[PDB]
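Here is the file entry34.pdb (PDB, C-alpha atoms).
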```
MODEL        1
ATOM      1  CA  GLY A   1       0.000   0.000   0.000
ATOM      2  CA  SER A   2       1.010   3.604  -0.634
ATOM      3  CA  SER A   3      -0.484   7.042   0.016
ATOM      4  CA  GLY A   4       0.431  10.715  -0.181
ATOM      5  CA  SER A   5      -1.167  13.961  -1.334
ATOM      6  CA  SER A   6       0.452  17.241  -2.380
ATOM      7  CA  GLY A   7      -2.027  19.254  -0.335
ATOM      8  CA  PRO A   8      -4.404  22.200  -0.844
ATOM      9  CA  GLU A   9      -3.280  25.633  -2.033
ATOM     10  CA  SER A  10      -4.629  29.092  -2.863
ATOM     11  CA  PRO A  11      -3.483  32.233  -4.726
ATOM     12  CA  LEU A  12      -2.615  35.608  -3.202
ATOM     13  CA  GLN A  13      -1.103  33.550  -0.384
ATOM     14  CA  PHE A  14      -1.861  35.750   2.624
ATOM     15  CA  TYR A  15      -1.898  34.798   6.307
ATOM     16  CA  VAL A  16      -3.260  37.206   8.919
ATOM     17  CA  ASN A  17      -2.760  36.832  12.671
ATOM     18  CA  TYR A  18      -4.997  37.940  15.540
ATOM     19  CA  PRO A  19      -3.992  39.963  18.629
ATOM     20  CA  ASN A  20      -6.041  37.658  20.855
ATOM     21  CA  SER A  21      -3.061  35.310  21.116
ATOM     22  CA  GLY A  22       0.124  37.269  21.750
ATOM     23  CA  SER A  23       2.953  36.201  24.045
ATOM     24  CA  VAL A  24       6.734  36.587  24.206
ATOM     25  CA  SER A  25       9.134  33.863  25.338
ATOM     26  CA  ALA A  26      12.908  33.626  25.750
ATOM     27  CA  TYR A  27      15.299  30.687  25.421
ATOM     28  CA  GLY A  28      18.942  29.883  24.752
ATOM     29  CA  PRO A  29      22.245  28.737  26.293
ATOM     30  CA  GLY A  30      22.570  32.233  27.725
ATOM     31  CA  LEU A  31      19.503  32.109  29.957
ATOM     32  CA  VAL A  32      19.986  28.511  31.092
ATOM     33  CA  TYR A  33      23.649  28.786  32.070
ATOM     34  CA  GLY A  34      26.991  30.383  31.258
ATOM     35  CA  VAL A  35      30.690  30.705  32.050
ATOM     36  CA  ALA A  36      32.462  33.443  34.005
ATOM     37  CA  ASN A  37      34.031  35.969  31.631
ATOM     38  CA  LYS A  38      32.525  34.113  28.671
ATOM     39  CA  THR A  39      30.366  35.205  25.735
ATOM     40  CA  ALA A  40      26.713  34.297  26.277
ATOM     41  CA  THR A  41      23.677  35.214  24.178
ATOM     42  CA  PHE A  42      20.055  34.107  23.825
ATOM     43  CA  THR A  43      17.107  34.507  21.454
ATOM     44  CA  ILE A  44      13.618  35.892  22.055
ATOM     45  CA  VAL A  45      10.373  34.987  20.289
ATOM     46  CA  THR A  46       8.134  37.849  19.166
ATOM     47  CA  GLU A  47       5.955  38.244  16.075
ATOM     48  CA  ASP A  48       3.320  40.928  15.500
ATOM     49  CA  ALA A  49       3.351  41.666  19.231
ATOM     50  CA  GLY A  50       3.241  45.449  19.015
ATOM     51  CA  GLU A  51       5.824  48.218  18.738
ATOM     52  CA  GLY A  52       5.855  49.197  22.402
ATOM     53  CA  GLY A  53       9.000  49.045  24.501
ATOM     54  CA  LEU A  54      11.196  46.087  25.424
ATOM     55  CA  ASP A  55      13.218  46.391  28.630
ATOM     56  CA  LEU A  56      15.965  44.026  29.784
ATOM     57  CA  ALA A  57      17.805  43.958  33.112
ATOM     58  CA  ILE A  58      19.904  41.267  34.789
ATOM     59  CA  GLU A  59      20.968  41.107  38.436
ATOM     60  CA  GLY A  60      23.265  38.979  40.576
ATOM     61  CA  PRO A  61      26.532  38.933  42.556
ATOM     62  CA  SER A  62      28.018  41.290  39.967
ATOM     63  CA  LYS A  63      26.666  43.954  37.613
ATOM     64  CA  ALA A  64      26.637  42.747  34.006
ATOM     65  CA  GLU A  65      26.402  44.870  30.859
ATOM     66  CA  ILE A  66      23.744  44.350  28.189
ATOM     67  CA  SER A  67      23.833  45.166  24.475
ATOM     68  CA  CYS A  68      20.395  43.933  23.416
ATOM     69  CA  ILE A  69      19.877  44.148  19.655
ATOM     70  CA  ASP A  70      16.660  44.742  17.715
ATOM     71  CA  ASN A  71      16.289  42.744  14.500
ATOM     72  CA  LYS A  72      13.609  42.682  11.800
ATOM     73  CA  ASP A  73      13.808  39.031  10.751
ATOM     74  CA  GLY A  74      11.750  37.228  13.376
ATOM     75  CA  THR A  75      13.565  37.253  16.710
ATOM     76  CA  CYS A  76      15.814  39.537  18.755
ATOM     77  CA  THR A  77      19.459  39.003  19.704
ATOM     78  CA  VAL A  78      20.785  39.984  23.131
ATOM     79  CA  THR A  79      24.478  39.526  23.907
ATOM     80  CA  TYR A  80      26.096  39.915  27.326
ATOM     81  CA  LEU A  81      29.178  38.943  29.333
ATOM     82  CA  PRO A  82      29.202  37.882  33.010
ATOM     83  CA  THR A  83      31.826  39.048  35.505
ATOM     84  CA  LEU A  84      31.456  36.475  38.282
ATOM     85  CA  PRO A  85      29.976  32.959  38.583
ATOM     86  CA  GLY A  86      26.660  32.715  40.404
ATOM     87  CA  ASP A  87      22.873  32.657  40.142
ATOM     88  CA  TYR A  88      21.907  35.624  37.966
ATOM     89  CA  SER A  89      18.403  37.047  38.366
ATOM     90  CA  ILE A  90      17.343  37.864  34.806
ATOM     91  CA  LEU A  91      14.420  40.278  34.500
ATOM     92  CA  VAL A  92      12.514  41.047  31.299
ATOM     93  CA  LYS A  93       9.420  43.209  30.838
ATOM     94  CA  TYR A  94       7.184  43.828  27.825
ATOM     95  CA  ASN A  95       4.967  46.901  27.485
ATOM     96  CA  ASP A  96       4.969  47.342  31.263
ATOM     97  CA  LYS A  97       4.194  43.644  31.709
ATOM     98  CA  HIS A  98       6.634  40.944  32.819
ATOM     99  CA  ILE A  99       6.996  37.902  30.567
ATOM    100  CA  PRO A 100       5.413  34.516  31.388
ATOM    101  CA  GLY A 101       8.176  32.523  33.050
ATOM    102  CA  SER A 102      10.305  35.233  34.644
ATOM    103  CA  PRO A 103      12.225  35.875  36.590
ATOM    104  CA  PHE A 104      14.604  33.290  35.131
ATOM    105  CA  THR A 105      17.395  31.447  36.943
ATOM    106  CA  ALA A 106      20.690  30.606  35.242
ATOM    107  CA  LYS A 107      23.493  28.431  36.611
ATOM    108  CA  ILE A 108      26.854  29.981  35.736
ATOM    109  CA  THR A 109      30.226  28.501  36.684
ATOM    110  CA  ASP A 110      33.923  29.362  36.458
ATOM    111  CA  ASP A 111      36.547  27.517  34.414
ATOM    112  CA  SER A 112      40.051  28.910  34.907
ATOM    113  CA  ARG A 113      42.295  25.999  35.886
ATOM    114  CA  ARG A 114      43.349  23.956  32.855
ATOM    115  CA  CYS A 115      42.119  20.457  33.703
TER     116      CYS A 115
ENDMDL
END
```

Spit out the file's structure as structure tokens when you get a sec.
Amino acid sequence: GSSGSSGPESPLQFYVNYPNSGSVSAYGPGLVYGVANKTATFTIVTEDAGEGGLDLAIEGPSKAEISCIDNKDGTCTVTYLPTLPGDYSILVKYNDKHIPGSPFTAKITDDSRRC
């Protein structure tokens, strides 16, 4: 036996989204964990959310700098570099409304000695 269909299709291919369902999430090896004095970045999901105002701020045992970047492809790119190993309290807000899942907890370590 064998089966398989190409599938339906229509012209003026146009897909519209509704505001009803609109949420922003964040994931990546930069929010889960990291390495002292090591490059760490993560990605953020956001499509047709609304040009409002994204704010990012991380806390912990040491103040870390943030160079969040705004892209126009599909997701944003935020790069940062830790100063000391420890649980960093990442905080992200969207249009005066925290994101579903925050604050986030990342487990960063330190690798200096050459094992």

Could you write out as a ChimeraX atom specification the residues that the PyMOL selection byres ((chain A and resi 88-103) around 10) matches in the shown file? /A:23-26,31,33-34,49-64,82,84-87,104-108

Would you mind telling me which residue in A:69, A:37, A:46, A:3 lies nearest to residue 21 (chain A) when using all atoms listed in the file?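 So, comparing all the options, the nearest one is A:46.
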
Quick one, how far is CA of residue 18 (chain A) from CA of residue 77 (chain A)?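 For CA of residue 18 (chain A) relative to CA of residue 77 (chain A), the distance reads 24.8 Å.
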
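Atom pair CA of residue 115 (chain A) / CA of residue 30 (chain A) has a distance of 23.6 Å (rounded to one decimal).
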
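Straight-line separation from CA of residue 44 (chain A) to CA of residue 27 (chain A): 6.4 Å.
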
Among listed residues A:16, A:22, A:6, A:68, nearest residue 41 (chain A) (using only C-alpha atoms):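 For residue 41 (chain A), the nearest of the given residues is A:68.
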
For each of A:2, A:75, A:20, A:67, take the minimum atom-to-atom distance to residue 47 (chain A), counting all atoms listed in the file, then give the residue where this is smallest. A:75

Kindly provide, as AutoDock Vina command-line options, the centre and edge lengths (Å, one decimal) of an axis-aligned box around all atoms of region 21-27 of chain A given in the file, with 8 Å on each side.
```
--center_x 6.1 --center_y 34.0 --center_z 23.4 --size_x 34.4 --size_y 22.6 --size_z 20.6
```

Hey, which of A:109, A:17, A:11, A:43 ends up closest to residue 83 (chain A)? Count all atoms listed in the file. A:109
